[PDB]
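Protein chains in written order, with UniProt numbering: chain D, 4 to 322; chain H, 518 to 775; chain G, 4 to 120, 133 to 353; chain C, 8 to 335; chain W, 1 to 255; chain Z, 14 to 353. By construction, the Cβ of each residue, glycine as well, lies at the ideal position given by its N, Cα and C atoms. A short write-up of the structure that comes next.
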Amino acid sequence: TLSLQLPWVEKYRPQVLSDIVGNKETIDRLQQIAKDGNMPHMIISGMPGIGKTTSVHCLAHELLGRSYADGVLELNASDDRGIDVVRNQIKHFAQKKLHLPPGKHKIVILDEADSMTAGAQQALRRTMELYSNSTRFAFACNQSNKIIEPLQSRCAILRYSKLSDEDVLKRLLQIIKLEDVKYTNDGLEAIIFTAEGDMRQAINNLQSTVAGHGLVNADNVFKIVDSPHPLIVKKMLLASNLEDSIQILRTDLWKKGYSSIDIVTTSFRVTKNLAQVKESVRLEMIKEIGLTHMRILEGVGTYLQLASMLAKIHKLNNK
Amino acid sequence: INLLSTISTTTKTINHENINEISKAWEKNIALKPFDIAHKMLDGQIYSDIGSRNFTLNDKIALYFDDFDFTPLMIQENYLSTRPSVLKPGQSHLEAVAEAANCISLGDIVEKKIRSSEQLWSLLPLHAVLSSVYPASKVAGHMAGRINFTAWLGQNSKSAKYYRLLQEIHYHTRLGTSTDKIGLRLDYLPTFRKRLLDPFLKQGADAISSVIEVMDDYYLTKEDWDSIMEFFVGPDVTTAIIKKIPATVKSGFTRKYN
Amino acid sequence: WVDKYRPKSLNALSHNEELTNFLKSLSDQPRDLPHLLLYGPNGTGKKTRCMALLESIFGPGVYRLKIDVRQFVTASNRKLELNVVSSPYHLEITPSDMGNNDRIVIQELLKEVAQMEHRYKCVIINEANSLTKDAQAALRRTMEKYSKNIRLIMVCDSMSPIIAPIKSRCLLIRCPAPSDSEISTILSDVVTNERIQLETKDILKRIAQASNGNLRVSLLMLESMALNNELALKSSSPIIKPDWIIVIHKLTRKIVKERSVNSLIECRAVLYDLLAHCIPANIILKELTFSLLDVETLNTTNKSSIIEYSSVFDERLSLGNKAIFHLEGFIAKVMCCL
Amino acid sequence: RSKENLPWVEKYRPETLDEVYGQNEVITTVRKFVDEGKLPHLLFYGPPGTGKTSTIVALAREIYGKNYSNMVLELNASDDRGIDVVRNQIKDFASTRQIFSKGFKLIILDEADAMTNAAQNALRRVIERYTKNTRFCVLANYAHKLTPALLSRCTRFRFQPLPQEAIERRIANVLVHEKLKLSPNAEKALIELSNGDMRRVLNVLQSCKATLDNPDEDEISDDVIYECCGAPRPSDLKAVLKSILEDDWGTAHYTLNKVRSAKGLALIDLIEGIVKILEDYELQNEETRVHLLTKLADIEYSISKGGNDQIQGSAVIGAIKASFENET
Amino acid sequence: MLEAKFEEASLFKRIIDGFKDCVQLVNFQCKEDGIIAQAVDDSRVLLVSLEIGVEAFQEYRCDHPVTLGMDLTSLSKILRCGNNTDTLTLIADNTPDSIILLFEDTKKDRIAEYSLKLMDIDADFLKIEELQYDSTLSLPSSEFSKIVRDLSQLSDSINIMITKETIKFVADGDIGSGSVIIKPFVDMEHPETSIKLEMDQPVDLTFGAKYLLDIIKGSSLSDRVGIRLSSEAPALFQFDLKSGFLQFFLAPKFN
Amino acid sequence: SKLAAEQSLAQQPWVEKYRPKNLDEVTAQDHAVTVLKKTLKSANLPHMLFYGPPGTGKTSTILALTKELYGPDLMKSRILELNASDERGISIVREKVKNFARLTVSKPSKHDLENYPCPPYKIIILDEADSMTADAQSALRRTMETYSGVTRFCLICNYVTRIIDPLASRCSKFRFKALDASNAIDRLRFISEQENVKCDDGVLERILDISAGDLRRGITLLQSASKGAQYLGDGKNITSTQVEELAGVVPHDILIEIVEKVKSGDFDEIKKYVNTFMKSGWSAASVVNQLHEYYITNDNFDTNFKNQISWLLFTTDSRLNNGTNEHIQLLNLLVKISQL
DNA sequence: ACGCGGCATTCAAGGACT
DNA sequence: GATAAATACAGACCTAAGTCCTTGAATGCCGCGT
DNA sequence: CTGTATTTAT
Ligand SMILES: Nc1ncnc2c1ncn2[C@@H]1O[C@H](COP(=O)(O)OP(=O)(O)OP(O)(O)=S)[C@@H](O)[C@H]1O
Ligand SMILES: Nc1ncnc2c1ncn2[C@@H]1O[C@H](COP(=O)(O)OP(=O)(O)OP(O)(O)=S)[C@@H](O)[C@H]1O
Ligand SMILES: Nc1ncnc2c1ncn2[C@@H]1O[C@H](COP(=O)(O)OP(=O)(O)O)[C@@H](O)[C@H]1O
Ligand SMILES: Nc1ncnc2c1ncn2[C@@H]1O[C@H](COP(=O)(O)OP(=O)(O)O)[C@@H](O)[C@H]1O
Ligand SMILES: [Mg+2]
Ligand SMILES: [Mg+2]
Ligand SMILES: [Mg+2]
């Protein structure tokens, strides 16, 4: 078909701050700031798909009213991460004179701010303070650690958290009711489980299920969206017997098409994040997994090395 | 001040009831300096059963990742200067030190693999574990003395300087001697001392001519002589020997060579 | 001196007559000569035999060596300089002086001399073990493509670092170390020519047995003890051991006596002191292990564990840039064994 | 050329969405997506030779027609993975219209797992901003290399390794296109050695056709397949394993040496086959499996680093014998 | 064999310089009617369609159809090796490989023989669609290039609006905005300076500054440029030569 | 011209003198040369992966195939050779290789088509493709695929594991078998007869046995033995013991001495005998090979002893192939066998 | 024709890589 | 004014490696004015 | 940790 329909993530992107479901304290604080005015400098950080860009965009829209065209400067940090940007474009926008409602000021939105280079970030330090009376900067990034500490000092540290299953279920139910989709409770629960708090993943998976099969049922959602790799990897690592681990590997990972490097990397990540196993045993399994990773990266990527790694882990656990 | 401004928009009374949530959301995550990483990584409470839940393994890996160029060196330099407190029943301090050193050897292998022509940077968490966390967990406890800085850097620079000097000396004497760079230091240098420095020790200022003949036989200079006199170790150190040589002898040697 | 008396021709060689006959057999028809790789114990006389073969193939002017400087550029803008000893009929490359950039020196200089051209020029790679695997991989095709213009002769001590294709492409010439009797005969000739008074001749055999087959070390030790006894060797003349030997021996005594971490302080201190003064770590491990084996107090189990851990940490050293990181581990493991 | 002078791997590349087999779920899901028009951002991650590139090229043909090479920005991410690409080419293509016909824009990124992290961080906003008139497809063999942000904005489809039936149908189509015949046992051996990759199947089929003296009338038997591929026959594998298990060391060494020398089989393939056979076994104790797997893994790694073939074979014999000696 | 001779060696120089920056890969296919060249930019935003005719060549001979592919970066380098007072000769053998360029001047006996290795460019679609565009206008090339280069400094997007006898170029950026208003006027004294505009329906679309600046590099070929616009159709930027034309097909942005 | 090259080759090392000029001269790697010969008639050469032990004939086979395809004169224009001596980074893959592949096939001359097939493509030969990084091979992944119409790719590597999986998947895998005595004996006999080399009954078989799957080493050994025999002037035949002496082969008596010293479990005596042994240049790998042969072949040792000694020798070989010190590993192995 | 004047392009140094 | 609490804070910074990225300096060609 | 520096307290 020549034309396409808009995705549900962008078509149903919240246009007001109330539609945002998660992080109730932060959303209420941003709504109070929007009503009262005098927006402070901030960095918004968290996981992908929990509503950081949407929150800042709704805040800017509501704060600036009809003046969003001029008062808002949109600059994807990854696209424009040079000191030249700060020297010319950001500085000229900050020195720009614009008549606004009393409380409100001009807003700079720098999405994906974690990718800004050191030079541009350091140059922004004085632009943040010199033109603060007229210009207010806003930062959105996946990881706040990439942003230098002095820049974090000048702004409010507003930190987001992974979306709870209840809020994702509420948003999914709202979209389902609005667009008349047939669903089952098991299917919605499975979509929430696969999303793992990423609302964007949940909505994309709902779109895929609806378009492909037409009914939101557990069977369809599992065929169209596979079970999360770390869970099968953890089940393989935490099996009681060696033969069980070998069987889980052969069936779920090797025969299904997962690569050796992916398997070993996910095993390392799961092992480092495991909590039931004591730290010493966890560390020695990490050692064995790292040896297997070294062999795979040197070029020996085979079922034999993965089985040997499982055998070493089981020997380590069996004392 | 920014926290006070931002919080006060919604909550008008900051009290002891919400101080915990305010602190947990506004805490500064500042990268620890390579000394605080050494202190915290070499701590018994961190690797304890209770401490493991509070400070998880991923936190330890991130603590490494704060400084990925100095933590392996700091742990290697200060893993055997701590009083252990996590020793297994039937394990002494020396056994834990040996296991930790084995782990640092594996971590050095991993680092060489990462920092070579292959550039296997995906093994960086494995290096974090092998270099910092496992060796420190083996010898975790209380700091006996002070946390010293890595001595490997200065000794490596000294080794590079001495290798440059040995290269110059070997290439000067290449025509005379059919040797390699290492073999010269291994074998000839002790005899070169006996043919250069000992005559000044026994014959006196009259052995200057023979010494000059020896240097001219292999195209050596005063700088070459000084560099060879700085190459010996242990019993054969010449730092005090050259001082005890009369200043007249050294001055006459310099003037005669010039 | 060692350099004072060195054979300058094949017919002047006096030890391992089989090797001399093999070299003359190769020199009989020199237009058909494979690439060579001289290997054997260090100090045998492999370089002398290679240069004698060169003199046999070419004229007697191969010994007129001249040092030249050939600046090279690495992948980065850094400038690197090499001293290339050269002769009218041959040139010598010792890539151990450079670090990981020996590959560049190989591929540029050898290809250049190939384009430059008794139709072949022999290149002597004195240090072949320090050649990185990448450098040998680059040299793998240089030997075969330019076999009509350049014929490499390689000097080596242990063939294990050298990769299989390089050994395959080149003829292997074994060099047995001189026997004690031949070393004693050479020392007798030297002392006769150098006018060194000998009280008896058992001194020469003692020096030969204290060199472990090395002739360079034998002559150096001869002259070293000739200076401490006023050019007159006596029966009770002490055997001159180099400084690093004494330091390593004291290290073994300390490891045998004090098996503590507090002793590990000074053990690491001595290892650092040795490493900072132009001493390789593999040599340190070899001498330390063999001196530890010579300790009479230790029983067979300790000796076996020591040699096992020595092999393990030798592998670790061979696969590791930071040498003390493995040396300290070996010493600590030996202390735990004891 | 006429597409007749090309290797069978490229000659038999699918041209329409109906010639891609095995990935039926993905094929029907994508066909229904394009038919109804809600085509989301696609992520085809799977093992090599599963048809991901063929699937997306057939998608381009079915979406835009025969003129699909000019209305689609197909970028080899391995060849050009810089952030300059995202800033200039990808962004200008997404922003602008089509020079040929009205319609949406599709950008296919092949081997995006080699893209630098800066490039993906730049793309994670280009994809979102221009979603109204541009769609992105990401193909990557490895999903760990790709940034997590790039895995949140693209719908994920997993390309399973090609099953038996799809490989049989493609083999039949290739056999019909050429003048060739395949024995059922030879086809079974080819399927087993394929490991789910059609690339290997086509390469081995072409090599066996070349091997055939007069391909017009003769048949490719299992012997031809094994000889041209070089893989060991199952009979040789069983004989070697039986000789190692319950025979004397001298006889076992003789059997392994004669099996290797007679057919030219490599030792590493013998180890893989022996691992496959002994995995199917039912073992009394756990320790024997652990020892067998560990020792065989180190032997295979040392073979990957090279060395002495006879020593490695004797090591295999000793490891197997000790492991089954633990079962007493 | 192909033996195409230019009386003005600088003509092919100017044509190649017109679209050297726009594209690097172009298929110069030579037939009996003349040389036809077509190429697409890496971003696939501009279509270049060159059509040289036999009248341009002093002597043109093409035995059989031939497709000559080359790199514009290297070919332009080859062309800068000729003086103004020379005659170019394009030579290609029966099998297309290693095109030969000959720069000859007979007043002072000099010969310049240069070669360029051909490349296998698979894309040979060779399609342009004649459409009844909503508006067809013609203005001097220098004025259009001046307007484009003056408005490209304000922003990266230039908006062109066609209304009843009014042509407007609008560029709104971060430092400000600007709009140039011109009307179709006919001057009898100097016909070259006149501006024509035949409009059917109002036209409103936006283009990119980089591609527009790349297009105006072709102003060195002809003194007047014709621009044809239509609703959601490729804007046709046409430079008419003595024997043929050079057309830039731009794709507008999305509203 | 041809006479000068013929004389030059007539006096060069025998490793290069008898380099196979044609595909027929390949001695034992039939399973690949038959495919290339049947592709000679056609023009559908697949992407090829040549992986095998060193000295098996991959380079010779791929140098004869392109010759038979294109002709001596045409081959230079149609062939790009890039070894490990040239840079193997991403840039050399994205610029040199891409430009060469993108270039149109060069025009064959009238002499070329009449005699030689001259297929309408060109082969890029990448010697030692294992040394290349995974990034360069990833870049080549689509470079070979897109331009397969006019360009063909051949990769030669000692170890197939170094090559990334998709690259090996695209290229056809041709395993060059080891060149043992049985398969290369005819070639070695031909070379010996061509130079009038005189040997006993078992010299050639023993030469190939010591070579252990490498024809290059056997050729070099035969050349050295012939040179020694010619220098001797005795006029007799080369004897197997002479070859073993010239091949770095430990004498049997010394091997029995080491075995006897291992039998008596005294650490000091074993250490002394190894110290005396390393005073001769017997390579450690050549000692481990003979120890393995003697211990495994002999039937006087128990099965468990064989199982343990095989793993010990495997570990020693693995450690020795990493660049360790021969003396320490040899002593460790001998001590472990003594305790066995 | 002949000389500056910005502006595009090429070169070189520093930092980072989970 | 000296000596304790009570605590914040400094101890130090290397050389290679491959490839992408950015920033400033040095470089080139091309348009306008006289 | 050890050693040095600064501010409030005795
Ligand atoms: N499902 C399939 N049906 C038919 N032929 C297939 C299929 N999968 C692979 N092939 C064949 O294998 C060739 C390679 O397919 P590709 O799609 O290029 O491989 P791939 O799945 O993209 O894996 P890469 O290239 O390593 S990422 C095709 O040209 C076909 O000839
Ligand atoms: N199959 C063979 N038939 C005849 N001679 C051979 C054969 N294989 C090797 N040779 C001889 O050995 C020489 C070298 O062969 P190569 O093909 O270079 O070996 P190789 O496979 O390249 O080993 P590498 O380069 O170390 S992987 C040839 O010139 C021949 O003299
Ligand atoms: N808390 C939320 N409530 C409602 N929708 C959400 C929420 N979080 C994410 N979304 C949906 O996800 C889509 C994109 O999320 P976005 O805000 O871009 O993620 P990120 O915060 O990582 O930038 C939006 O269209 C929005 O509909
Ligand atoms: N056949 C020989 N006869 C006499 N002296 C010899 C002989 N071979 C070696 N030498 C002595 O060895 C010295 C050089 O040893 P060298 O060749 O550097 O050892 P390496 O084998 O480690 O290169 C010379 O000074 C020479 O006197
Ligand atoms: Mg966002
Ligand atoms: Mg693909
Ligand atoms: Mg080769």
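Where residue i sits in the DSSP three-state scheme
i: W:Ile195; result: coil
i: W:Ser177; result: strand
i: C:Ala329; result: helix
i: D:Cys158; result: coil
i: W:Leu236; result: strand
i: D:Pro43; result: coil
i: D:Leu241; result: coil
i: G:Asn86; result: strand
Residue-level contact to chain W via CB, residue i, 9 Å cutoff
i: Z:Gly162; result: yes
i: Z:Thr233; result: no
i: C:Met205; result: no
i: Z:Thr117; result: yes
Neighbour flag for residue i against chain Z, beta carbons, 9 Å
i: D:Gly304; result: yes
i: C:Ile324; result: yes
Residue i versus residue j - alpha carbon distance
i: W:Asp150; j: C:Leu169; result: 59 Å
i: G:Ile280; j: H:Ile758; result: 28 Å
Distance cut-off 8 Å: residue i Cβ against heavy atoms of ligand 6
i: W:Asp97; result: no
Closer than 8 Å: residue i CB and nearest ligand 2 heavy atom
i: C:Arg176; result: no
i: G:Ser183; result: yes
i: G:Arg155; result: yes
Check: residue i C-beta below 8 Å from any heavy atom of ligand 5
i: D:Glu13; result: no
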